[PDB]
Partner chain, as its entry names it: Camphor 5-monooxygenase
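First, one chain by itself: the form solved without its partner chain, in structure tokens.
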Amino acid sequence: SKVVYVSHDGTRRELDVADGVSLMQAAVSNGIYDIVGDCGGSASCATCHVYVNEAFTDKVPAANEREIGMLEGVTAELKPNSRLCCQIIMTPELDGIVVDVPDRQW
């Protein structure tokens, strides 16, 4: 299923991501270096911060309490569409989801 990662400079990278893989796992394993994923995906670090495109923000499962506690500490601007992408699990229904990657994670 297609996921489009748009870097801060505007370059769009479309990856095909298998069911059940987090957007963070697909990013880090494919050289999307602007997503760090330091804690390994347990919503313990805030370094997989992305901005979910408005056409998909309400299409993905809501942020649980742990993700909310960690989003508080993102280093780039926190926005209404900020999410930790290790919390976004790919499904066929999300095909085409676009996320914009901030210019910093640390």
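Positions refer to the first chain, counted from 1.
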Quick note on 33-41 and 54-62: per-entry mean CA temperature factor is higher in 54-62
On average, which has the higher Cα B-factor in the deposited entry, 45-53 or 72-80? 72-80
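Separately, the form solved in complex with its partner chain exists; it is not shown, and the next lines address it.
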Taking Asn53, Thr57 and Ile89 as the candidate spot, are all three within 4.5 angstroms of its partner chain in the deposited bound form by heavy atoms? no
Evaluate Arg66 for contact with its partner chain in the deposited bound form, applying a 4.5 angstroms cut-off between non-hydrogen atoms, and reply yes or no. yes
Just to confirm, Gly40 within 4.5 Å of its partner chain in the deposited bound form by heavy atoms? yes
Can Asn81 be called a contact residue for its partner chain in the deposited bound form at 4.5 Å between heavy atoms? no
